[PDB]
Every structure is written in structure tokens, then in C-alpha cells.
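Participant: Here is my input; please provide its structure:
(chains A, B, C, D and E, ligands or ions: 16)
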Amino acid sequence: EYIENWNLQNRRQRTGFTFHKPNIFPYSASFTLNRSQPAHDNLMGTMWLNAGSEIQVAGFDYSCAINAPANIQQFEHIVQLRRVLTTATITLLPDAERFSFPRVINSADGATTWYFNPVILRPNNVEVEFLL
Amino acid sequence: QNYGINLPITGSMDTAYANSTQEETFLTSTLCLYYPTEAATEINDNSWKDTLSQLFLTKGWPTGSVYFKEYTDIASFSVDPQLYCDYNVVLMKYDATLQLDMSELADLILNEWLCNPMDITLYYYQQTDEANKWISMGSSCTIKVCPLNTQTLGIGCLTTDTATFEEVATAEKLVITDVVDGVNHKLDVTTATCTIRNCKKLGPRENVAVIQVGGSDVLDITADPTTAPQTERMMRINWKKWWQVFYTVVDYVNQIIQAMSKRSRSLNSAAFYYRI
Amino acid sequence: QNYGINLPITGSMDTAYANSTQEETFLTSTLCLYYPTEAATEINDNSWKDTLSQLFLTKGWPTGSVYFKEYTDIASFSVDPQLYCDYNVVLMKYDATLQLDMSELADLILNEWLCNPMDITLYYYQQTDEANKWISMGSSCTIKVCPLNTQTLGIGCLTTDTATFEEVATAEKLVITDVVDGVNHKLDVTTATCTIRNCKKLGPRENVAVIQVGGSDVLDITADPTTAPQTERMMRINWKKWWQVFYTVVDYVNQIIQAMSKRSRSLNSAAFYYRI
Amino acid sequence: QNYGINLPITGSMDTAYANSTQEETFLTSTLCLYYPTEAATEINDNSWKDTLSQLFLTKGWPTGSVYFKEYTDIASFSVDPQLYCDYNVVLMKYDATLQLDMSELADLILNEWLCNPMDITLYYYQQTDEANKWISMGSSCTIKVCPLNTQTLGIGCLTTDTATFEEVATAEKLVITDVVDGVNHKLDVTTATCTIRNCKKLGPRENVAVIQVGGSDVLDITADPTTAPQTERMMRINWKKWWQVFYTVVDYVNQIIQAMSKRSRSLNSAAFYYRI
Amino acid sequence: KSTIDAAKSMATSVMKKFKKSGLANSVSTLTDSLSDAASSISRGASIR
Ligand SMILES: *[C@@H]1O[C@H](CO)[C@@H](O)[C@H](O)[C@H]1NC(C)=O
Ligand SMILES: *[C@@H]1O[C@H](CO)[C@@H](O)[C@H](O)[C@H]1NC(C)=O
Ligand SMILES: *[C@@H]1O[C@H](CO)[C@@H](O)[C@H](O)[C@H]1NC(C)=O
Ligand SMILES: [Ca+2]
Ligand SMILES: [Ca+2]
Ligand SMILES: [Ca+2]
Ligand SMILES: [Ca+2]
Ligand SMILES: [Ca+2]
Ligand SMILES: [Ca+2]
Ligand SMILES: [Ca+2]
Ligand SMILES: [Ca+2]
Ligand SMILES: [Ca+2]
Ligand SMILES: [Ca+2]
Ligand SMILES: [Ca+2]
Ligand SMILES: [Ca+2]
Ligand SMILES: [Zn+2]
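Facilitator: Residues are numbered from 1 along each chain as shown, chains lettered A, B, ... in the order given. Ligands and ions are numbered 1, 2, ... in the order given. Sure, structure below:
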């Protein structure tokens, strides 16, 4: 496969490598707090881990969207692949077990630590878009 | 620098913790201690302020930063309680007959309130949502309310005769009135000696902690009957001697401040949201 | 339609949430409010019932759906609490000297009891398991107990001589008696004035909530000393005026009803299991 | 259960019969025997209850499972009948004069009813369907009826003048009024000594059996003139001595219980389900 | 069959009950839902 791809690419021909669990996502465990405060008691945001071929994301609201317009809070996560993937089989599951247990998490600047105590609800209006 | 907009902040897990900032905040913060007069009376030592200051210095605080404010009792302290220190600690003596007054005081000082003025002689007032209350403070504040129907006529009362009004507060130094939402009420308030304001509970006030000295878990800082939360800033202490109480406060000042945080509404970063 | 037999119910973890049914339940259900006589005395109004009905109408409850029932006090109310509305809210004033009684009342009306008759002087009685208690109710319940050994001779008591019986209740309007399980007891009860029933605690009663007005968290509805569960149907509020209490009950009726559920034992689904 | 009540139960026509559960039923059940005072008077023994309990023990029931309740007469028993045990056998003496009262008592206790309050002084009441009746119970229930028309004016009666009402019950302890369906009526009832409820007959009450002592088949538990069903729970015996009656009840308790189905015992002992 | 003195309000008599019925309520609910959906940029997440 590799020499065939080498020769095809030398010929300016369309060739591809088939990967099982491609290692396309650089490791990154990070969070974004769309609503926060110094005491970190009423937070709203997203947590995610992108490792290899695996993405886990979890949008959290501490208030459970009590004051949100129509009691809905919208979370969005965009992962920009560094290369174009084709004919990709993808398993989608409705829960991120990585962000489903109590955690003590550093702050953005590392000044302090905040507490996360998830109670998992079913995600609503799940739309997964693959864009080129 | 961008003060009017709420921008999301992206933090990364695995970012190394910063060293302890407890020493730096102790050196660059002020602590206010609110105690009743009976505490000083029992202690009976004109120099106890200096002793407590030196003990706090042994605990870290510079010897110019701990302030001791004295109040006669819960009822008097509830009239315009002004807490200006970076960290406020209030020793509140428990009385079994003043449970509601203690709860009202804690609700007023343990939470942030955004208050607009009220002209009961001019407008009929209504509470919009659960976060809205009518907070009134004064020497003697008596509040009576007459709910009005859609036709502005009173319900169970006559707008012309205040004698038929339903009395909700009598000779109160502080009272947080919660009426049915979405209903206009005609208000009769003894404005001559008390001020009423229409307030919203923005959220917790993190720089004020209350130690209930010798009681039980009775504070209810939320008007919702189904919730009586015990936040980290409301502690309880058994006591016989006030010197022991103050020694416990001094010795566990680290934990007490840990339970508290810098006032979110304060400091520069809160500019152009409500205050500074 | 398949009454009297339990069947598993299968559901998917992605079935869409249905719209709020709170409006429909308020429209098609009844609410009973139980308050002491002193509440009406302090309110000092007679149209207050209609005022509260209108205020509830502002909260969605149709006129006439909300019922107001009155009781003299906890002791008199405990004789035979018969709660019939779809949703029952009981305002219970706190008194330390009546603590246990309050608990008993809660224990009686926050739980479902399957009660059989007891005929003392003709049968000895054991308590089979944890859930088995002896509920005595009447004008004046005086219960004395004589535990027996395997040979039917009393332990520390004489079967013939009632004066040696161990006295467990004196002139009680309501008492929940818990004795050692597996031991036969001879019972001496004032049958002419009280009635004693052998009851099994099936489980919680979800349509009855108790709001304790004033005091601290003292209710203990489980006989087990190691558990004191403050369930969501047991609420506590601080008070000084009854009008404020009723306004709090009306305004937060949504939360109060959320804490409650339809009586599982009742309604058509639970047919040919016990009732209906 | 309730989430599986409206689900099918599938069974094959070859499942092996289980062993006899009569022993297990007797062990885990309680039996209530309702007899008139004349029975006890004729027996004239102070230990006949203990004798019957021992005989039932010979028939398999545990010792403290059989209970005996005494009523003065049919009319007295009909005022708020209370059915306590899992199985309720009622020994009803036959009188050729109290035929309708016997039928009314049997209808009340051999069927499950769903009753609601009636405020006769405020609202005009009608019966919706053949299952809807008005059950009145009290010391003296005198019910008079005034049917109305589309214009609300009475027919054969004047709403203002009660003397023109069509009396349907006089000096009754229990009465089941059946008026023409779909017609509004205005009712005059002695509310001081009477309580009238709008009741719907849900179906049979299979844990209550009635043994008629003497007479012929006169019970009519159906308001419909065209049907007078004799159910398995409507036994009839001929008697000369009450001791023989009780011996027959004890000996054929197997058959009596086999004609009754358990799980029909409500949580409450009342003869009807009260709903507001 | 036109019992005169009742034809004087027959169409309006039926309409008065018609607009209070479930069909009228459903029509109103549909119109309100369409209006809110049109008025909503981000207030449409409520719409399954
Ligand atoms: C933090 O503490 C460590 C270990 O005590 C020390 O080496 C370091 O200089 C301190 N300051 C900073 C800014 O890391
Ligand atoms: C649907 O939910 C909304 C939002 O709570 C509510 O206003 C409405 O009454 C509910 N019912 C219907 C039929 O739209
Ligand atoms: C049922 O009866 C049979 C026949 O006597 C016996 O062998 C068996 O143990 C009994 N019990 C059960 C549970 O089948
Ligand atoms: Ca007060
Ligand atoms: Ca009034
Ligand atoms: Ca309110
Ligand atoms: Ca509360
Ligand atoms: Ca008691
Ligand atoms: Ca003894
Ligand atoms: Ca026991
Ligand atoms: Ca306990
Ligand atoms: Ca009769
Ligand atoms: Ca007549
Ligand atoms: Ca009829
Ligand atoms: Ca018939
Ligand atoms: Zn942070």
C-alpha cells in the first residue's frame, strides 16, 4: 500500500491510505466557560478531550437552564481536522463518560480550582455536521 | 479591558497549579469582624482588640488590616448593614424567638441584591419572578398589602381603607416581603420611619460569612419552602465564653476565608456589569 | 386494564420529553391546605379564604379546586388525619414540647400504612419486621406492654397483674408503638377511649407534604435511630406573620406540588393491589 | 405496576397448575367476621370468640388472624360500614321488613364505589349514567327531590317551597337514591344528621362476602329492575341456633374464602373511595 | 327546518360555540407557533 501510494503520488494520481482508528486529533483536554465567576459556582460551558481518533465533549450548565430562553442551553464544539478524511465510519454515542463524574479542575489561568458535579441528561437536538 | 461584554474563556486541563496565594491575599486584604456588644461586655478587657490583632498577625494578617465593628444586637444591625472589608465575618448570637429575623439578616447580607426605589404612594407594585422581593429597613417598618384584581379593585381589602389591608410586617427593623407574583398590590408602609425597596437576588455574596453562635440549623436564606440550603459561608458554633469563640475564629481564619471569595461584583473586572 | 399483576415496562433512553403537564394537573386536580385555628385567628379576616383562592387562580388553580381545612392543633388533628384532596399541604406549627407528637403525625401522614385490627385480651401480638408498628389513636391512648417469653410468662411483668405492665404511652391522641420483634406481648390499652391497629409501613405517601412553621429540623418519621430522612415532602419555614406564610405557600405552589406526586396506591392503575 | 397496567399478559394453555395456596393464603391473611348483637346474646358465653379462633386454627388460620366485629342491627351497621380484614364475612340476619335496607347494605359492601361530596345547598345535581347513584348515610337521612327542566324551573315542585318536593327517603340510616339520569335535581337533605355523596359503582368488591341468615333470596344489589344477580359472595343459610351458624361458617371457611378474591382490600377500611 | 325567531341568530349561535371548541384552539395554537417561529432567530430550539 505504501509503495503503491508513493508511485501514484509521483504520478500526480489520487491515492489514499486506509486507517483503522486514524490518529488525526492532536491530544487536547480543555474546557471553555461561556459563563463563569471568581467563585465558580454558576458555570456554563463545555469540556472536551480529542485524543487520536476519539472525541468526547460535554456541555454543562450549573443552573440546568433555569433562566435560559425556553429552558434550552446550546453547546457547540468544532474540531478542525488537519487533513481531509474520506469514507469514514464513525460511532456516535449520546454520552461522554470522561466528563460524567465529579472532578476538581484547575482554572483557566491556574489560579484556583473549581468543582464539577455532573448529573447526566440526554443531549437534545444533536446535530453532527461533517464539513469540507 | 473589554468591560461591557461577557467573553468565553478557554482553559486547558493539565495546566500546572499556581502556588498558594493565601499569604498574598492575607497581606493585601482587610478582614472585618462583626460581633455583638455582649461579646465585649463578657470579655471585659479594654485591650482585647490589640490581643486579637497580634494573634491574627501570628496567623498572617498584617497588624493594620483586621477591623472590629460592634453592633448592639441582630435587630439593630439589620438596619442598613454596611460591610466594606474585603472579607466580612459576622458573629450572630442565636435566639430561638428571632429565627425569622436572623434568616432575613443572613439573606440580606449573604446574597447580592439589586434594589430600585419604591413609591408606595404613587404606584401599585408587582413582583415579576421568584428572585424579586420587597426589602424594607428602618427604625419601625410596618407593611400592609392589598392585592388588586385585573380591574384594580382590591381582593379581600378596600384600597380606600388601609384598615382592611393585610398586615405582613409589624415594627420590623428589617423585613423581606414575598407576595404572589404577577399580582399588583397597593402598599401601606410607615415610610416616615422606614424605607422599602424593590430588589432582585442577583446571587451569592461571597465575601460575607455568618457564624451562628450557639443555636441550631435554622437559617433559611431562600423564600422557597422546598429549599433551606446551608452554604459554606454560614457556620455554626457552640459556645460558653466569647474568648473561646474569638480564639476559634482566629485559629480557623484560614478555613473561614477559604469558605469565602473576593466579591465578584467588586474589583475592576466587574466593571460595567453592575459595579466597578 | 391488567390490574392486580405487575408487568415490566420497557422504554428507550431517547424518547423526547413531553411538554409540561403542570397546567393540566392544576386544572384537573384539587389542593387541600391544612392550617391551625390560630392561623385564622392571627390573620383576623374572614374573606381570606376567597383571597387565597383568587391568588391561587393567578397560579392556575381553578376557582373551587383549592380547599382550606382547619384543625385546632397537632394533638387534635392527629386523632384521625383524613386527607382527601389530590394534593395535601399541612402547615404544622413547631413546638418543642410536642416534638415526638409532630414526628408521629408526620410519620402517620407522610407514609402509607396497611392496618389490621387488634383485639387485646384475646390475642398476643408480635411485630414481625421493621415495617410493623402499632398505631393507637383516640381521645386518650394509654398503652402498657408486657413482653412474654417462649412459655407465655411475662418478662418483668405478670400476665394477670396489669400494674406490672411496662407503660409505653400515657393519654396520647396518637402514638406509634415499636416493640422488640419476635417477642409476644400482652397489651393493656384504654379500648373504650382509644383504638390500636397493627400497621405495616408499605412506603411513602407522595400526595401529602408537611410545612413546619418555625423551629428546626426535628421530624423523624423512621423508627430506626440510625436514619432521620428529611425527604423532599418535609419543608421548613421561618415566620412571624401567618399572611406571609400563606403568601409563601401560594407563590411557591409550583415547587410544593413538584415535591409531591399523585397517590400511587390510589388512582385506577393501582387497582386490585390495595385500593381503586 | 401502573406503567405496566395497560400492557398485555400472555400465558400458554399448558402451564402446570401450582399447588394449593389455601394454606399460604390463610397463613398470611386476616379474617373479619361481622355478626349482630343478638348472636352474642343468644350464645351467652364470654369465651365464644376464643373458641371460634381455636376452631379456625384447627382449620389452618393462625391464632391472631380471625377478628370478630359486632353491630347492633342492619340499620346501625349501614352507617359508614368499615371492612377491616383481608376477608370480610358479614352474617346478616334476615327480616322481611328490612328487605330494601338489606339490599342497600349488600350493594354498598359487595361493590366498590367512588364517591364525591355534594353541596346540595349550592348546586343542582344530576346522575350521569346507570352507574351513578347518590349514597346517603347518617343518623337520620331524609332525602327529598325536586326535578327541574331546561329552564331550571321545577316540575311538580317549587324550588323555593320544599314542602312540594318529592320525598324519596325518610328516617334512613343508609339509602341509595337513583333518579332519572340527565335531569338536574334540587335536593333537600337533613345535612345535620345526614351526609349525601355522588357515587359511581366501579365494580365488584370480591373480598366482602355476605351470608344471609334466614329468609329467601331477596338481596338486589343492582338498581336495574331487569337484573337481580346472585353472586358467589351472596350466601344464604337457614338457622335455629347461632352456634350452628358459626360452626357452619368455620367448617366451610375454605369454600367461603374460595368464593372471595384477595387484593381487593383498600388501604382504608371505608366502604367507598372518597375523592374531592 | 327554520323555527323562526331562532334563524335570527342561527349562524352566530353556532359560531359562538365554534370558536370556543378544540378545533379553534388548535388553529390558534398553530398560528401562534408559526408566528413565534417566524419571530425567532435563536428562540427556535424549543421546536422539536
Ligand atoms: C512556587 O513554589 C515553588 C516551590 O515552593 C518555588 O520553587 C517557586 O519559585 C514558587 N514560585 C513560582 C512562581 O513558581
Ligand atoms: C407547552 O409548553 C409551553 C411552555 O411551558 C406552555 O406554555 C404550554 O402551555 C404547553 N402546552 C401547549 C399545549 O402548548
Ligand atoms: C407441590 O406439591 C408436590 C406434590 O406433593 C410436592 O412434591 C412439591 O414439593 C410441592 N411444592 C412445590 C413448590 O412444587
Ligand atoms: Ca424581621
Ligand atoms: Ca382584609
Ligand atoms: Ca413573589
Ligand atoms: Ca426556604
Ligand atoms: Ca403522641
Ligand atoms: Ca414491670
Ligand atoms: Ca418492632
Ligand atoms: Ca429515626
Ligand atoms: Ca335504607
Ligand atoms: Ca310535589
Ligand atoms: Ca339514575
Ligand atoms: Ca335489580
Ligand atoms: Zn475558571
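Participant: phi, psi of the closest residue to residue B:156 other than its chain neighbours?
Facilitator: Using Cβ to Cβ, 6 or more residues apart in numbering or on different chains and skipping residues adjacent in sequence, the residue nearest residue B:156 is residue C:51, 3.4 Å away. In short, each C-beta sits where N, CA and C put it, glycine included. Dihedral angles of residue C:51 (phi, psi; degrees, to the nearest 10) stand at phi -60, psi -50.
Participant: Surely residue C:51 is in contact with residue B:148?
Facilitator: No: assessed by Cβ atoms under 8 Å, residue C:51 is found out of contact with residue B:148, at 11.3 Å.
Participant: quick one: which of the two has more around it?
Facilitator: residue C:51 (22 against 18; other Cβ atoms under 10 Å in any protein chain shown).
Participant: which residues touch that one?
Facilitator: The neighbours of residue C:51, taking Cβ atoms under 8 Å, 6 or more residues apart in numbering or on different chains as the test, are B:147, B:155-157, B:166, C:45.
Participant: Can you name the residues of chain B sitting close to ligand 5?
Facilitator: B:156-157, B:164 (Cβ under 5 Å from the ion).
Participant: The same query, at a cut-off of 8 Å, please.
Facilitator: Residues of chain B found near ligand 5 (Cβ under 8 Å from the ion) are B:146, B:156-158, B:164-166.
Participant: give me every residue that touches the residue of the stretch 1-150 of chain B found nearest ligand 12.
Facilitator: Ligand 12 sits closest to residue B:149 of the stretch 1-150 of chain B, with a gap of 47.8 Å, by Cβ to the ion. Going by Cβ under 8 Å, 6+ apart, residue B:149 touches B:155, C:54.
Participant: State the distance from it to ligand 9.
Facilitator: 66 Å (Cβ to the ion, to the nearest Å).
Participant: what secondary structure does residue 31 sit in?
Facilitator: Because you didn't say which chain, this covers chain A. Three-state call for residue A:31 (DSSP: H, G, I helix; E, B strand; the rest coil): strand.
Participant: oops, I was thinking of chain E
Facilitator: Secondary structure assignment for residue E:31 (three-state DSSP): helix.
Participant: what about residue B:181, how many residues close to it?
Facilitator: Residues within reach of residue B:181, counting by other Cβ under 10 Å, total 17.
Participant: Give the intersection of the neighbour lists for residue C:51 and residue B:148.
Facilitator: Residues touching both residue C:51 and residue B:148 (Cβ under 8 Å, 6+ apart) are residue B:155.
Participant: Flag every residue of chain E that's near chain A.
Facilitator: Within chain E, the positions adjacent to chain A are E:42-43, E:45-46, E:48 by Cβ under 8 Å from any Cβ of the partner chain.
Participant: Strands - which of those land there?
Facilitator: Among the residues of chain E next to chain A, no member is found in strands (DSSP state E).
Participant: So which residues make contact with the helix or strand where residue E:26 lies?
Facilitator: In this assignment (DSSP states H and E), residue E:26 forms part of helix E:22-39. With contact meaning Cβ under 8 Å, 6+ apart, helix E:22-39 is reached by E:18, E:43-44, E:47.
Participant: which of the residues of chain B next to ligand 5 tops the neighbour count?
Facilitator: residue B:166 (26 neighbours).
Participant: re earlier: of the contacts of helix E:22-39, keep whichever come out buried.
Facilitator: Among the contacts of helix E:22-39, none scores as buried (criterion: 16 or more other Cβ atoms under 10 Å in any protein chain shown).
Participant: count of neighbours near the closest residue to residue B:166 other than its chain neighbours?
Facilitator: Closest residue in space to residue B:166, ignoring its immediate chain neighbours: residue C:243 at 5.0 Å, by Cβ to Cβ, 6+ apart. Other residues lying near residue C:243 total 25 when counted by other Cβ under 10 Å.
Participant: Just the element for residue C:243, please.
Facilitator: helix C:242-251.
Participant: Is ligand 6 within reach of that helix?
Facilitator: Yes: using Cβ under 8 Å from the ion, helix C:242-251 reaches ligand 6 at C:247, C:251.
Participant: packing partners for that helix?
Facilitator: Here helix C:242-251 touches strand B:166-177, strand C:31-36, helix C:37-43, helix C:48-58, strand C:87-93, going by 3 or more Cβ pairs under 8 Å, 6 or more residues apart in numbering or on different chains; DSSP states H and E.
Participant: anything in the helix or strand following it near chain B?
Facilitator: Using DSSP H and E, the helix or strand that follows helix C:242-251 towards the C-terminus is helix C:253-259. Yes: remark: helix C:253-259 sits within contact range of chain B at C:255-256, C:258-259, by Cβ under 8 Å from any Cβ.
Participant: Now which of the residues you listed would you call buried?
Facilitator: Listed as buried from these are C:255-256, C:259; burial here means 16+ other Cβ under 10 Å.
Participant: All the strands of chain A, in order from the start?
Facilitator: Residue ranges of the strands in chain A, as given by DSSP E, are A:25-35, A:44-52, A:54-61, A:103-106, A:113-116.
Participant: Report the buried residues of the second one.
Facilitator: By that I understand strand A:44-52. A:44-50.
Participant: Return the distance of stretch A:94-101 from the chain's centre.
Facilitator: 11 Å (Cα atoms, centre = their mean, to the nearest Å).
Participant: buried stuff in that stretch?
Facilitator: A:96, A:98-99.
Participant: Likewise for stretch B:207-217?
Facilitator: B:207-213, B:215.
Participant: okay, the strands of chain A in JSON lines with distance to ligand 7 next?
Facilitator: Below are the strands of chain A laid out as JSON lines (distance: least, Cβ to the ion, whole Å):
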{"stretch": "strand A:25-35", "distance to ligand 7": "25"}
{"stretch": "strand A:44-52", "distance to ligand 7": "25"}
{"stretch": "strand A:54-61", "distance to ligand 7": "23"}
{"stretch": "strand A:103-106", "distance to ligand 7": "29"}
{"stretch": "strand A:113-116", "distance to ligand 7": "23"}
